[PDB]
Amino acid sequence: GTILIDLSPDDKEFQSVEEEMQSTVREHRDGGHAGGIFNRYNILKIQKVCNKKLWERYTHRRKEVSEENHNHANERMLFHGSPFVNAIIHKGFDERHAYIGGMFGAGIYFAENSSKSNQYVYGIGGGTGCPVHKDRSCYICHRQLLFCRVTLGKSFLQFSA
């Protein structure tokens, strides 16, 4: 059921997504170990993910959360990096896409910083890097991230290092 629609670089929607990607890069405490050493990206393509069944699944849950939280879904746009990106766009997020060992328990993790999600494109801690060159800092290989609509509802605040 999923179709992918290419956005033109001339489209305001392409431009606002690219700006969120670029502007939320930061330096990481690992010196680039997991995600590579970089300050910016070369954006090759931005595609809209269209799946009516997965969208309706999302909006159904959003309404449930909103109704439990004074009509406030607390919806954000957040990044997700994963080796299972191509599975996610076809089948949706589910327990297979959870980070079992994350700081806040086994759940599905999202980041405001695009560069944080970039650390997970090749697996936890960058895994062994790109499949072709085994380089976590590969400047050649194409990477993919998702920019996702996420319902937070009432969110538990964890202060953490």
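We number the residues from 1 along the sequence you see. If you superpose the two forms and keep the largest set of C-alpha atoms that fall within 1.5 Å, you have the rigid core.
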query	finding
Farther-lying stretch by C-alpha RMS in 9 other deposited structures of this protein (rigid core fit) among 92 to 100, 66 to 74	92 to 100
Per the entry, higher mean C-alpha B factor between 81 to 89 and 68 to 76	81 to 89
Entry-level comparison of average CA B-factors, 36 to 44 and 130 to 138, reporting the higher stretch	130 to 138
Peak C-alpha temperature factor (PDB record), options 58, 104, 109, 120	104
B-factor third for the C-alpha atom of residue 8 within its chain	highest
Within-chain third of residue 160 by Cα B-factor, per the entry	highest
Residue 28 by Cα B-factor - lowest, middle or highest third of the modelled chain	lowest
Where the record places residue 116 (Cα B-factor, split into thirds across the chain)	lowest
Modelled-residue ranking by C-alpha temperature factor, third containing residue 63	middle
